[PDB]
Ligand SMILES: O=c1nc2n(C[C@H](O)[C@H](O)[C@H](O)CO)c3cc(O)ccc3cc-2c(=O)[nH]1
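The chain below stands alone and is given in structure tokens; this is the form solved without this ligand.
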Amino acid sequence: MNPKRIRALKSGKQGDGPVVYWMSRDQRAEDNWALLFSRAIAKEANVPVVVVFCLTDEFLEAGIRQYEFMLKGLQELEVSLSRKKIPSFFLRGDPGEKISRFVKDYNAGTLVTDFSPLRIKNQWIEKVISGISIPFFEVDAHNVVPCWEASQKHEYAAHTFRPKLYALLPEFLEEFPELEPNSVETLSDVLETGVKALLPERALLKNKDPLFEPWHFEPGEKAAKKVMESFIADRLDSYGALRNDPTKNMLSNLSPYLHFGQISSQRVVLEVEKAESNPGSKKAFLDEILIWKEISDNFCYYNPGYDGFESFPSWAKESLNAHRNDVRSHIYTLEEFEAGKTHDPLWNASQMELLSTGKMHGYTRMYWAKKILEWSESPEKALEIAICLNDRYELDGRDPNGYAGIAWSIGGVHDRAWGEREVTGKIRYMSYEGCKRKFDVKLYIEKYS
């Protein structure tokens, strides 16, 4: 148990009651350092470990697709924690008021949470800390190398992050010890009432018939294991050569599970490393799941304004500002962008895939966010438009990967300066003709009418 994984947010009188794990990011029972450390703290005090998960007033900003995925996995997680003699409690309200009241009504001895770098979690922590006196710990249960330990500053490129992370990989890439067992209404009720509130906001194709297709990704820890095994056995060999072809789904499709913490990324990394495949495909996949995923936490953790023009690199701010007054080829409102009402059939196909499946191909994720920059009055409104559609419609959205990916596409964050254009300046450019050379755009457009 590496102590560099756990940080202290409040040092108080170490309480005399159950250690409470505040699940936020990692919604799984296996391979969870926050769950394995809380048990270790529990055993050192002879008190049973418990889990509390808060259902917040911020789900109504997303849709049914995200609400169902999370709650269905929780129903499976609740059963799993029961079989390990850990009781799971679910509260519906403000985490600051709900958690503070809970630790008092149950005589919590120690409080543990998993690590999110997002602004909304720092908001919740501010409230809880001001109303509790027991010690408050957090564990990075989502990154292979803990976010604060990998780097002490914000990195400007991946070629600088890849040595700093791989030099610490032997310290932190290791097997999970098992979760030894211990010595506010039903979830189905909450799913029922939540669906009703969100229902008249459901995305609808034309009229009546809804747009989302929930049969693409089953939620839960067990489904994620089947996904990862199917990727390694069937899709890992050709990852490095086919990841950039949207006509073929040769990606791991792990992001909906990764975002909700329904499978630990290190569990993925251990099995990839031990498996024989195309060595280049292994090299390409490991870079995405270790370098680019864990640098996204670094961007969000070390930039308080990660979702604004303020966090862009200086060369990109200077270039974009010099082109704010250029004429734009087209301008679309958010409502037009949502429905896929653009003059680009490649963009409209990309939007239609997101609406239908809640997951959009990683390659077109760059084209789709750069045309938003090309068709917006200012880069600021483009950042808002890109954030709005991503968080609303992506299964894996509302994630540090999303903001880092969007900041990469719009402001060149973790990228370099390129040849100047109008409107977009030095930012990397992706043309309609360029995508035709790399993959058969005809099938992708037809597949999503």
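Sequential numbering from 1, following the sequence displayed.
Not on display, but discussed next: the form deposited with this ligand bound.
Checked against this ligand in the entry with it bound, the residues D114, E155, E221, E149 give one hit for a heavy atom within 4.5 Å, which is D114.
Note on contacts: among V50, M70, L36, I385, the single residue with a heavy atom within 4.5 Å of this ligand in the entry with it bound is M70.
Checking 376-384, 416-424, 390-398, 38-46 against this ligand in the entry with it bound, the stretch whose residues place heavy atoms within 4.5 Å of it is 390-398. Candidate site formed by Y21, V139 and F176: none of these residues places a non-hydrogen atom within 4.5 angstroms of this ligand in the entry with it bound. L55 belongs to the set of residues with a heavy atom inside 4.5 Å of this ligand in the entry with it bound. This ligand is not shown here, but in the entry with it bound it comes within 4.5 Å of a heavy atom of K121. Using a 4.5 angstroms threshold between heavy atoms, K282 stays clear of this ligand in the entry with it bound. With a 4.5 Å cutoff on heavy atoms, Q66 counts as touching this ligand in the entry with it bound.
Contact residues in stretch 246-269 (any heavy atom within 4.5 Å of this ligand, taken in the entry with it bound) are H259, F260.
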